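In what follows, a structure is listed as structure tokens, so that the remarks can point back to it.
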Amino acid sequence: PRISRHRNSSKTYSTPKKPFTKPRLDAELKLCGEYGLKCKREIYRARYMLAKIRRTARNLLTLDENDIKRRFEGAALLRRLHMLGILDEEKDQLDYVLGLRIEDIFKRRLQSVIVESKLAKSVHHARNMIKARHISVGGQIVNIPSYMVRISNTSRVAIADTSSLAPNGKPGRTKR
Amino acid sequence: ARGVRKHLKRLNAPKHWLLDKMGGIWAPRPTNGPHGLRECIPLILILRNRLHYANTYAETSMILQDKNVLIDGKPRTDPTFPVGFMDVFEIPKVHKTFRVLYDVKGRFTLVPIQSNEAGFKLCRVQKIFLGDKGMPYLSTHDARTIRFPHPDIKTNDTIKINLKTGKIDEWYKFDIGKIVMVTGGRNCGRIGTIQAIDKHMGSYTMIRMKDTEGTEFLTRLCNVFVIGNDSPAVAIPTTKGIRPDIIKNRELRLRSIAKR
Amino acid sequence: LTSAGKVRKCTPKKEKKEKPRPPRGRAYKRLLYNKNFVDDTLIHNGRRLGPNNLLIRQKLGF
Amino acid sequence: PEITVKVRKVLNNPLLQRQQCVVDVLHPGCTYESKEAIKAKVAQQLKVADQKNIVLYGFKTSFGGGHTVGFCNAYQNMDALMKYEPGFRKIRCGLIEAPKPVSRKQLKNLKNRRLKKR
Amino acid sequence: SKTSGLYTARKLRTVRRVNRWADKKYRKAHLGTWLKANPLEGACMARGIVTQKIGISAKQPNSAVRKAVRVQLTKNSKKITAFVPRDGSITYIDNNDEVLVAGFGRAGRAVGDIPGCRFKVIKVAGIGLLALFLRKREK
RNA sequence: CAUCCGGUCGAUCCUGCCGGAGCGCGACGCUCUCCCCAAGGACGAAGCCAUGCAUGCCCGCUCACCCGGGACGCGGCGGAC
RNA sequence: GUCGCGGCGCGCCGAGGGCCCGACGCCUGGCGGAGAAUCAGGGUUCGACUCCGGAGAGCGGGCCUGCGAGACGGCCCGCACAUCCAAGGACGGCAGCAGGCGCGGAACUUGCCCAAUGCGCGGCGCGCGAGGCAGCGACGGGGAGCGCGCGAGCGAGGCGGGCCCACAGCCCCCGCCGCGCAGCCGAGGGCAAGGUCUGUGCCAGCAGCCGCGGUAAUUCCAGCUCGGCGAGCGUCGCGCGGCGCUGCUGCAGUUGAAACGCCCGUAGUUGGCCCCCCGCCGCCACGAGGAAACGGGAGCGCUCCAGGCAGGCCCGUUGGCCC
């Protein structure tokens with residue numbers, strides 16, 4: 001049988017219901033320039049994550065307030081969202097969870113965080129920098145632009161001392 | 001078909017054993033002896049998982065071949081020897097001895113004991129039967145068979161085994177009020193006093209016992225093991241079967257992970 | 001069936017025009033962004049226009 | 001370029017006379033020059049008194065960072081290493097040489113042929 | 001209609017079971033008479049050796065001579081007439097060449113002007129027919 | 001985690017199917033810069049099989065030209081998993 | 001008789017037994033569940049395949065051994081189907097693993113090894129095509145690329161050294177070099193993207209459907225641009241969704257398809273109002289009991305992610321709980 005056969009796998013993205021719709025295409029392209037997104041598949045993965053969360057809150061909210069269930073899981077969902085920075089830490093209500101949008105999830109992507117921190121000039125520049133392993137999420141080198149930073153980790157993010165700046169000074173173009 | 005099965009698959013193995021899904025495609029096949037598969041846990045699992053004294057099964061066999069560990073005071077070389085409730089797992093070379101009890105979440109737990117506590121182990125008589133010329137015999141949960149029991153002891157009445165002379169020491173009979181620890185099912189791992197026993201003649205005597213949280217748990221006589229009279233008798237785990245709820249355990253988990 | 005493929009064998013052959021190789025990946029979508037949204041210099045002539053219009057073209061080269 | 005090597009959760013194992021632990025080797029902007037280089041550094045905390053007695057295993061180096069974690073098997077005595085050791089681990093260290101290549105297919109072919117020859 | 005009573009489930013189950021058969025779609029999918037009729041015999045593709053070649057006049061209004069090869073499937077020795085897609089691609093097909101034929105696309109219905117033809121050639125002599133048209137591979 | 005849209009007409013409103021729009025999971029074509037996980041002769045042939053291989057271990061009982069090697073057999077246990 | 005119970009078999013005696021709440025027959029390109037696909041709610045279809053139970057080793061049978069086999073990597077017989085042969089005889093059984101042929105639309109190496117995970121046997125480890133390790137492999141799932149900037153960089157590679165490994169290798173870590181690289185389907189609609197410029201002339205073709213082409217083809221065949229999706233994209237067969245076109249929610253029956261020509265009528269289904277306070281039935285709630293995986297779902301930064309149960313001086317660190 002083998003251990004591998006036992007391993008789970010998942011489709012983390014939702015493809016559209018109509019794939020040639022004019023409104024969806026326009027917003028997608030506007031989002032694509034905004035966050036330096038590689039393919040619509042990355043945008044799709046964002047919609048999926050929001051839909052899971054929205055449904056989880058929806059079910060807990062249909063359950064009556066103070067029903068054991070909302071206490072155990074609703075507190076957990078809010079905690080998780082506040083700790084990834086998707087949700088404002090003041091809101092802290094399950095009803096607010098429903099009113100989230102994919103853009104806000106995309107905002108916590110490191111490439112957007114690097115740009116607001118300014119460690120790079122553009123969202124394009126942020127993607128190239130994170131790829132070159134220049135970025136550090138805090139004592140840890142990050143090569144993946146997708147990385148979603150936790151709200152606490154944002155301050156820890158800095159260009160790693162070993163990199164293009166403050167270093168050997170001789171990699172790539174400098175060597176020749 | 002044909003004869004017996006000498007292999008156990010990892011996902012078939014009991015959940016309380018907490019074996020890794022990707023850890024292996026096979027699990028230790030527990031052997032027969034004093035405890036059955038549903039109500040046992042292999043000796044290799046205590047030494048490899050909780051104790052971590054032996055890195056691999058091979059190391060556990062080497063230690064066992066040299067009689068490093070003694071259960072019930074006897075050095076046993078069975079990696080798959082079944083271990084269950086009140087079994088005294090004493091490893092003298094490491095200098096540490098503990099009993100094997102039940103955690104609130106139902107996994108078997110190693111609870112440290114003093115030298116007096118190490119000497120004796122509790123037992124539960126399943127029933128008293130007549131055989132071999134009519135002599136009565138009492139069969140403990142640990143399958144220990146004792147000829148000629150004192151007449152007062154009845155079915156389901158906890159008794160204490162010397163384990164040095166291996167004889168009955170005393171009997172705490174099962175009755176209303178006496179403190180018991182559930183051994184199986186949803187309430188497994190919970191110590192409570194007996195509020196009432198429902199006769200339910202025909203099948204399944206169902207007993208209700210309540211802990212000091214005012215919460216009554218209803219469990220049939222099969223998995224009710226008396227642990228002293230009103231006194232808890234033998235030392236009990238630190239949680240003491242007080243039934244922590246899911247929300248409360250959520251806070252405890254978060255405090256533990258607060259530490260880095 | 002003696003007339004099979006009558007247009008294909010007698011159609012004239014026009015060579016593929018050599019072109020600046022287009023950017024690929026996120027870089028293509030990034031260059032598609034200037035056209036679609038912020039910028040708009042290439043896609044407008046006093047009003048919105050289609051990407052393959054004969055008026056957008058000739059004004060943007062081809 | 002400094003290297004800091006620490007032992008965490010060491011285990012007393014009189015049965016196999018070993019000292020199981022987890023080794024955190026910190027080599028920021030550096031490469032530890034092999035496990036033996038940090039074996040002496042691990043020996044300092046372990047206090048075994050013989051670097052050879054210490055066995056080092058599973059030294060995963062984290063992606064990019066200088067936090068590498070490796071299980072440690074500093075046997076308390078030499079007899080333990082002599083006995084309770086994966087023959088291959090003993091071979092990796094260089095404590096013993098390896099046996100000359102054997103087909104194993106021949107070891108099974110020999111079994112098949114030796115049974116047929118009654 | 002809609003008999004509804006707390007204890008009337010059996011009547012409703014029977015009605016659904018009997019009535020569901022009425023749709024052509026349930027019958028073609030589940031009666032399975034079609035499986036025996038299907039030349040493809042429950043396969044996406046079938047391998048058959050070309051036994052004949054012909055030109056089928058396109059159904060009016062559209063007029064052309066669609067190019068097709070009559071092929072007997074190797075699997076069941078069952079006749080199939082298969083359209084050759086692309087422009088002048090019957091030149092690629094040769095009699096006795098051996099072809100892989102796939103459904104025309106309407107699940108057993110003739111597609112477009114071609115009359116009563118339910119199959120199309122996707123491969124000739126181990127080489128994809130589209131690739132032959134696109135000049136990816138030769139003969 | 002609630003949607004439709006083309007085709008009966010001179011036009012129109014219906015019913016009604018036809019065809020599209022989504023996801024699978026197999027085939028087929030074309031193509032493929034790296035890394036991770038991962039299915040793989042089930043699909044009306046439970047058709048036929050060349051070769052090699054998948055079940056041994058023990059040392060009870062040693063008068064087999066090293067030794068107390070532990071041949072070989074006898075025994076034992078497994079081969080029913 | 002059996003391990004035993006039983007028409008299980010045999011005598012003996014009766015006439016039962018089953019059935020529109022579908023017996024019996026027949027067919028099944030029928031292993032069943034845990035589950036899976038799709039999915040507002042309800043639903044539909046599949047369940048060979050990972051776990052559990054069943055069944056079989058070409059086909060029927062029959063046995064022996066053992067505690068347990070009607071065992072086939074045991075035996076014996078017929079039956080097809082092989083091999084050898086000095087011609088008397090001998091002898092198999094890959095629905096075990098690799099590998100071969102046939103067949104089909106369709107499917108991988110005659111590898112390497114017990115180091116783990118188990119098991120058999122031993123007390124100082126041996127056996128294992130169970131299993132692990134490599135190769136093959138766009139079944140698929142997941143993550144980063146083909147630049148950014150206007151000067152600095154990376155990693156794809158290449159080479160050493162670690163790390164890893166039964167031994168390699170891969171990963172990862174380092175020095176030293178360092179050379180980014182896109183397809184596949186379309187642009188009349190539905191359906192996002194020229195009413196371009198060629199050829200051609202109801203031909204050749206295209207087109208799921210509407211249709212297009214017969215000299216000014218928005219549709220073919222090509223350059224041209226553009227659009228979708230993306231290391232993938234297109235086609236075919238099917239499942240599900242769409243389809244309230246199967247309808248319990250939730251269809252329709254004057255005329256679109258559809259009230260039996262009528263009345264009686266049993267089975268079936270459905271029955272007004274009434275008693276409070278009990279007994280059975282459903283009924284609702286909450287238990288207990290018994291498999292995990294799976295699916296949820298607590299916690300945990302596998303660098304992110306698909307993952308996995310981790311981790312870290314830790315609730316007796318965890319691995320809860322629901323189903």
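Residue numbering restarts at 1 in every chain; chains get A, B, ... in the order shown in the structure tokens, and ligands count up from 1 in that same order.
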
Pick out the chain C residues within 8 Å of chain G. Count only C-alpha atoms (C1' of nucleotides). Give them as a list in words.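 In the required form, that comes to residues 3, 4, 5, 6, 7, 8, 10, 11, 12, 13, 14, 15, 16, 17, 23, 24, 25, 27, 51, 52, 53, 54, 57 and 62 of chain C.
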
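All residues of chain A that DSSP, run on the backbone, classes as strand (DSSP E) are residues 135, 136, 158 and 159 of chain A.
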
Write a file of the just-selected residues containing N, CA, C and O atoms, as an mmCIF file, in the first residue's frame.
```cif
data_model
loop_
_atom_site.group_PDB
_atom_site.id
_atom_site.type_symbol
_atom_site.label_atom_id
_atom_site.label_comp_id
_atom_site.auth_asym_id
_atom_site.auth_seq_id
_atom_site.Cartn_x
_atom_site.Cartn_y
_atom_site.Cartn_z
ATOM 1 N N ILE A 135 15.000 39.551 1.178
ATOM 2 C CA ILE A 135 14.075 39.791 2.328
ATOM 3 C C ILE A 135 14.283 38.811 3.484
ATOM 4 O O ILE A 135 14.611 37.642 3.210
ATOM 5 N N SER A 136 14.139 39.281 4.730
ATOM 6 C CA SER A 136 14.135 38.361 5.894
ATOM 7 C C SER A 136 12.870 38.666 6.684
ATOM 8 O O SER A 136 12.615 39.847 6.916
ATOM 9 N N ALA A 158 12.940 42.902 7.798
ATOM 10 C CA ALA A 158 13.980 43.872 7.411
ATOM 11 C C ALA A 158 14.790 43.209 6.302
ATOM 12 O O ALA A 158 14.748 41.975 6.206
ATOM 13 N N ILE A 159 15.473 44.001 5.475
ATOM 14 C CA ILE A 159 16.357 43.387 4.449
ATOM 15 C C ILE A 159 17.428 42.643 5.237
ATOM 16 O O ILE A 159 17.997 43.237 6.172
#
```

Near chain B, which residues of chain F fall within 12 Å when you count only C-alpha atoms (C1' of nucleotides), and what do they look like as a ChimeraX atom specification? /F:78,80-81

Would you kindly return, as an mmCIF file with N, CA, C and O atoms, in the first residue's frame, each protein, DNA or RNA residue with an atom no farther than 10 Å from any atom of residue 1 of chain C, considering only C-alpha atoms (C1' of nucleotides) and excluding same-chain residues fewer than 4 positions away?
```cif
data_model
loop_
_atom_site.group_PDB
_atom_site.id
_atom_site.type_symbol
_atom_site.label_atom_id
_atom_site.label_comp_id
_atom_site.auth_asym_id
_atom_site.auth_seq_id
_atom_site.Cartn_x
_atom_site.Cartn_y
_atom_site.Cartn_z
ATOM 1 N N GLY C 5 -8.124 19.747 -50.393
ATOM 2 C CA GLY C 5 -7.210 20.835 -49.997
ATOM 3 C C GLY C 5 -6.920 21.786 -51.136
ATOM 4 O O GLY C 5 -5.735 22.053 -51.373
ATOM 5 N N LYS E 53 -12.654 4.639 -48.298
ATOM 6 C CA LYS E 53 -12.574 6.121 -48.208
ATOM 7 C C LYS E 53 -13.673 6.673 -49.126
ATOM 8 O O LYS E 53 -13.983 5.987 -50.120
ATOM 9 N N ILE E 54 -14.267 7.825 -48.797
ATOM 10 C CA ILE E 54 -15.432 8.311 -49.591
ATOM 11 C C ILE E 54 -15.631 9.813 -49.398
ATOM 12 O O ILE E 54 -14.979 10.385 -48.503
ATOM 13 N N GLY E 55 -16.453 10.442 -50.247
ATOM 14 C CA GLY E 55 -16.815 11.857 -50.038
ATOM 15 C C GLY E 55 -18.307 11.967 -49.771
ATOM 16 O O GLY E 55 -19.088 11.545 -50.640
ATOM 17 N N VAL E 65 -18.082 18.543 -50.437
ATOM 18 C CA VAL E 65 -17.946 17.062 -50.311
ATOM 19 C C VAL E 65 -17.038 16.795 -49.108
ATOM 20 O O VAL E 65 -15.815 16.898 -49.258
ATOM 21 N N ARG E 66 -17.629 16.460 -47.963
ATOM 22 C CA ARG E 66 -16.836 16.238 -46.727
ATOM 23 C C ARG E 66 -16.011 14.973 -46.923
ATOM 24 O O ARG E 66 -16.560 14.000 -47.448
ATOM 25 N N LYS E 67 -14.756 14.971 -46.483
ATOM 26 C CA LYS E 67 -13.889 13.807 -46.793
ATOM 27 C C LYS E 67 -13.884 12.860 -45.597
ATOM 28 O O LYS E 67 -13.656 13.336 -44.473
ATOM 29 N N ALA E 68 -14.156 11.578 -45.836
ATOM 30 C CA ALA E 68 -14.272 10.639 -44.704
ATOM 31 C C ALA E 68 -13.644 9.296 -45.053
ATOM 32 O O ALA E 68 -13.532 8.989 -46.244
ATOM 33 N N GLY E 88 -8.019 19.620 -46.417
ATOM 34 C CA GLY E 88 -7.280 18.689 -47.288
ATOM 35 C C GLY E 88 -6.494 17.674 -46.495
ATOM 36 O O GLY E 88 -5.370 17.345 -46.901
ATOM 37 N N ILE E 90 -7.497 14.572 -45.852
ATOM 38 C CA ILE E 90 -7.728 13.168 -46.309
ATOM 39 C C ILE E 90 -6.486 12.704 -47.064
ATOM 40 O O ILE E 90 -6.288 11.492 -47.189
ATOM 41 N N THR E 91 -5.687 13.647 -47.559
ATOM 42 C CA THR E 91 -4.431 13.302 -48.261
ATOM 43 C C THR E 91 -3.515 12.578 -47.274
ATOM 44 O O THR E 91 -2.818 11.645 -47.700
#
```

Chain G contacts to chain B at 8 Å (only C-alpha atoms (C1' of nucleotides)) as a PyMOL selection string: chain G and resi 51+68-69+117-119+123-124+131+287-289+291-293+298-299+309+312+314-321
